[PDB]
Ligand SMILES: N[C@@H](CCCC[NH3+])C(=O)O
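Below you will find one chain, with nothing else, as structure tokens; this is the form solved without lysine (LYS), and questions on how it binds or moves follow later.
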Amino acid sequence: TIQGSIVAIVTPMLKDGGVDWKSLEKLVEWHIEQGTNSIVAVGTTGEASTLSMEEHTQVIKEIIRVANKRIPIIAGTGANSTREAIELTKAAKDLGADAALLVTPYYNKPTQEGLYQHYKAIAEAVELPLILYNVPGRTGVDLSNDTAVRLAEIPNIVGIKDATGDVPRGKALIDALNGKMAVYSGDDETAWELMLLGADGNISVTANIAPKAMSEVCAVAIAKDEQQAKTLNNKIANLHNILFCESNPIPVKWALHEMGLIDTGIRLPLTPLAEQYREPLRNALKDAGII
């Protein structure tokens, strides 16, 4: 049921890597003021990989606290162990998250049936809406449309974040599902098109730095206004490219630092955006009216 612009929020950090709680609070308030419809806490963009289990709980807890029921909060709770995904998803439920986002198991390369059993076990263990997340380039595995369609029959499986950026494939998935569960874009470059074709929203990186603009792109695309969607998306299209010059969230964190919103903290093995990309990124932000 969650629709619109759903920001995959960064986890602001101090220079030493510690979570920057004060900056986080201000970012959440800013998203709400600017029109962001929902926040994914501790997803890929929020450096789930380098936060401790305690830090994961704390970030989810703080975002929910600051949000104060104004928008729904989705907790990133994916793991490449089914046992661990259960524990994380249960924790999110207990914290009062509205849903959980669960990337396919990465690195261990389960079969399609293994993916099915993984999500089914989690759905049966935890009464919380669950959103699947497919991003083959990062995980080593591709949850097929066919497996996605099977999983949409499982109670508590309510959607999928499709980060393939393959529009014909995404449309085919939307059409096959016929409303049985939601489809979210996980590719900012093509999100506007997927929403025009029936996606429920965009779980967005670009929304981190252009929340008002992305909230508008999603509103018009969901409303099926093809021309407004093209026009509004065009204004920020360069941002969708430049935020991936190095692996996300490296560029988006630097963008936010240049906007004066967060400090430079980022956890190894990730690194601050390479010096050479900083001027080009400043130029793209200036071009789009962000700074």
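Start at 1 with the first residue shown and count on from there.
The same protein also has a form solved in complex with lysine (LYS), omitted here; what follows describes it.
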Option touching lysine (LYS), based on a heavy atom within 4.5 Å in the bound PDB entry, out of 263, 246, 62, 258: 246
Of 91, 149, 125, 135, the one that lies within 4.5 Å of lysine (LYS) in the bound PDB entry (heavy atoms): 135
Contact stretch among 222 to 230, 62 to 70, 23 to 31, 238 to 246 - heavy atom within 4.5 Å of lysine (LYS) in the bound PDB entry: 238 to 246
